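# Survey of secondary and tertiary structure
The primary structure of each chain is shown beneath.
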Amino acid sequence: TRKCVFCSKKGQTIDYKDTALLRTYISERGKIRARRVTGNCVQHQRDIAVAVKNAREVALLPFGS
Amino acid sequence: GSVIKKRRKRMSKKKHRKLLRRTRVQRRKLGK
Amino acid sequence: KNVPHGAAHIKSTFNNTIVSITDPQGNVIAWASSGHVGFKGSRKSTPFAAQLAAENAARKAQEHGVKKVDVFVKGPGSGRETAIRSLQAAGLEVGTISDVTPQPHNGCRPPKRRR
Amino acid sequence: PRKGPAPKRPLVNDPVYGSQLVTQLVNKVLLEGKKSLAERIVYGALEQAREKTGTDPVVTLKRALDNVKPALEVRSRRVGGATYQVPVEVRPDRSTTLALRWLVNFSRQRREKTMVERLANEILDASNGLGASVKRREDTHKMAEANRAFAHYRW
RNA sequence: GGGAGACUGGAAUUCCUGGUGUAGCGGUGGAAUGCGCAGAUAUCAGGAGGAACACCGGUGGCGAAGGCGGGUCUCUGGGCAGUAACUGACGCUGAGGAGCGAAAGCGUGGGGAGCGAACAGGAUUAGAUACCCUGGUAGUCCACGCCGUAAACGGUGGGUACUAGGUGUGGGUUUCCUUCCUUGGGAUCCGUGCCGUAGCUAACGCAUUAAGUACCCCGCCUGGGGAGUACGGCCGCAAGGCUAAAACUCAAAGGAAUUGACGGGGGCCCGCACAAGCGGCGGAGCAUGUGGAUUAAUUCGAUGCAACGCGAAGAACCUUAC
């Protein structure tokens, strides 16, 4: 709960092709990290989630190691 | 409330449905 | 035969423990369970039973020349570290520990609860 | 108990040998208030270790001090719901006991009549450290290292 | 995660096929039934089909309520905030009426992986039409209809105005310092929680999201059983649903809280209660005392810990009561 980077005027854009940004918020085994730890806001967690999920379906991230 | 009132009414409900089941074919006869 | 490197698959549930040593592809070359050790009944799930099954299965695998084995565990049984430590005592010189337990993504309905 | 005890009797230094380590054993091997007869054996049992080997009883102190040294074994608990063993640091009182139960107390079964020459023979073997009693010390040695990697609880 | 249509993703369970591979697998407090020894379980590869969507995910969001979360596209409903441009009381409630309405259930046609009322065995038990175990059919799923009831509960009808606050959290607006990001603080609108005054309550408790202070409209109540039952009527393919009495009988039925008692409820703490250590009993012979007995009596008691070298601290007669 330190802060929501994404939720920053100075923050990136969440896409389902930027595999890099997502690694930051998925675990060592696909798990989408929670919001308590990651710290993100509610609106943007919802984003990382729909991203990680779409990505996995276009085969850019493991469906879980 | 207390559950005694509910299981007091439940027994009358349970007993009555049994009576309808047992007399299901006889009721359809005298109902003609 | 003669295969120096292989894989060990340990399945340990609340009722039993099955150890099978395999080639790097998956073919079974030596298997031994707690029931094949001699236990029968509720004793299959005990830590003692798993230790003997791994000891017996490793002995048969050493007869075929396996020298190093890679271990995959699966199941909630108590005899998991006991199955591993028995493979060390026989001297199979285990490789890396892993863990492959099938967890569904909310698929089929679990059976009725127990009272 | 529930608070913590104290060592009541003191390990008094020996009057003729000046070693509480001997004092540990003369009272550890004992009978029905027979410190008179216990005095007879405990000096009549290292007596052969003085003469049969030829080395003085001070050397008898040295050899049996270093020959039978289990000094660290394992012990059971509730852990695992079974007989899981964890190594524990033990005072050598439970170490000489490991040999005492096969010592001159048990050395009767070997065909060794002529009362105390056999009890001198065993404490002679107690000096040896390769005799009959050390087997259990070896038996628990192989048992402790049978569960060698079972110390992660470390009680 | 408001709703409907269409396409589509993978992890697992099952089954089929083919390798490796022997003698067990499964299940429980323990077992048996069962599956195998004709090649099971295990294990690797390929395939078939159906249902539900781990992580995100919670005292968080949305919908009038029921309820709603795998991804994408198409169609569509509601809500809040800001500006005050627009009509100018067009508001509120709403008897009957109409629509929506979890689950189970009914009809016609598909589908059926897992789970599984009924039904079989196996086991426990004095008995098992049960809990436990192995199997298993309607159903659970889809399309179109029907049913219309639930602890359909905040057990709290709808609208409006007022009445101390503190602290969380979900949306939308803006002043004070600015790094010029935001959990910086400040104010205001709308949700959703915890605590707490005035006040209210029989008490529990409610307390700006009232069960406080007032106004408008609707529903309902008038002791407990008989009974939400019968009769009549309406609806329904059927199950049944809606409206709804009387005779008779009882002197109570009830709501809240206090104190003990109890629990096959929980926590903590003590005792040779365990763990550390020593020695015994249980195996042999004999002393004593009980039970089972035979008999003429084998006197009367004691019966679990708290009876059994106990009333006995003296049965050759006396004792002694048979």
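Residues numbered from 1 in each chain as written, not as in the entry; some residues may be left out. Chains lettered and ligands numbered in written order. Part of a larger assembly, values for the part shown. Heavy atoms only, no water.

This deposited entry lists cryo-EM as its structure determination method and 3.26 Å as its resolution.

### Some words on the overall build of chain B
What counts here: Helix numbering and strand numbering both begin at the N terminus, where a helix is a DSSP run of H or I of at least 4 residues and a strand a DSSP run of E of at least 2. In these tables, accessible area is a Shrake-Rupley quantity obtained with a 1.4 Å probe, and a residue counts as shielded only by the protein chains included in the view.
Scanning chain B for helices and strands turns up two helices and zero strands. Across its three principal directions, the C-alpha atoms of chain B cover 45 × 15 × 5 Å. Within the structure as shown, chain B displays about 3,700 Å² of accessible surface, and the carbon and sulfur contribution to it stands at 56%.

### Here's the deal with the packing of aromatic side chains
What counts is decided by this rule: Pairing of aromatic rings covers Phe, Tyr and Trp, the last counted by its six-membered ring, and requires centre-to-centre distances within 6.5 Å; plane angles under 30 degrees mean stacked, over 60 mean edge-to-face, and any other angle means tilted. Note on exposure labels: buried denotes an accessible area under 20% of the residue type's maximum, exposed denotes more than 50%, and partly exposed covers the range between, all computed with a 1.4 Å probe on protein chains only. Definition used: whenever NZ (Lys) or CZ (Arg) falls within 6 Å of the ring centre and also within 35 degrees of the ring normal, the charge is taken to sit over that ring.
Applying the stated rule across the entire model yields four aromatic pairs over all chains. Their ring planes at 45° and their centres at 4.7 Å tell us that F6 of chain A and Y25 of chain A sit as a pair that is tilted. Of the two residues, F6 of chain A is situated in the segment before helix 1 (19-23) and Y25 of chain A in the loop between helix 1 and helix 2 (35-38); the sequence distance between them amounts to 19 residues. Given a relative accessible area of 6%, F6 of chain A falls into the buried group. The aromatic ring of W155 of chain D is capped on one face by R77 of chain D, whose charged end is 5.4 Å from the ring centroid.

### Topic: the environment of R77 of chain D
All names here are of chain D. Put simply, the test is: Note on contacts: a residue pair qualifies if any of its non-hydrogen atoms lie within 4.5 Å across the two residues.
Note on placement: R77 falls in the loop between strand 1 (72-76) and strand 2 (85-89). Residue classification places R77 among the partly exposed residues on the basis of a relative accessible area of 46%. Separated by 78 residues in sequence, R77 and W155 have C-alpha atoms that sit 9.7 Å apart. Sequence-distant contacts of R77, that is, excluding residues within four places in its chain, are made with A82, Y84 and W155.

### Notes on the nonpolar core
Defined as follows: Throughout, nonpolar core names a set of buried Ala, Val, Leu, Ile, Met, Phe, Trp, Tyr and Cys residues whose side chains join them through atoms within 4.5 Å.
In this structure, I10, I21, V66, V69, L87 and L92 of chain C are the most contacted members of the largest nonpolar core, which totals 21 residues. When residues of this core are traced back to their parent elements, those giving at least two are strand 1 (5-12), strand 2 (17-22), strand 3 (28-33), helix 2 (47-63), strand 4 (68-74) and helix 3 (81-90) of chain C. Examining the composition of this core, we find that four residues originate from one element, helix 2 of chain C, more than from any other. Those residues in contact with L87 of chain C that lie beyond four places of it in its chain are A8, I10, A54, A58, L92 and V94 of chain C. Of all hydrophobic cores here, the second largest spans twelve residues; its members include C4, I48, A51 and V52 of chain A.

### Section: the side chain of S86 of chain C
All names here are of chain C. The residue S86 is located in helix 3 in this model. When its relative accessible area of 3% is taken as the criterion, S86 is described as buried. Once residues lying within four places of it in the same chain are set aside, the contact partners of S86 are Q51, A54 and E55.

### Notes on the sheet that holds strand 2 of chain C
Residues and elements named next belong to chain C. Which entries qualify depends on this criterion: By definition, two strands form a pair when at least two bridges between them are found by DSSP. The convention used is that axes are lines fitted to C-alpha atoms, helices contributing only their stretch in contact, and that angles between N-to-C directions extend from 0 to 180 degrees.
The strand order across the open sheet formed by four strands is 3-2-1-4, and the pairing between neighbours is mixed. Here the strands that pair on one side only, and so sit at the sheet edges, are strand 3 and strand 4. Averaged over all pairs of adjacent strands, the angle between their axes in this sheet comes to 15°, without regard to strand direction. Strand direction decides the pairing type here: strand 1 and strand 4, joined by seven bridges, are parallel. The residue bridging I10 from the neighbouring strand is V73, located in strand 4. Its contacts with the sheet place helix 2 against strand 2 and strand 3, and it is angled at close to 155° to strand 3.

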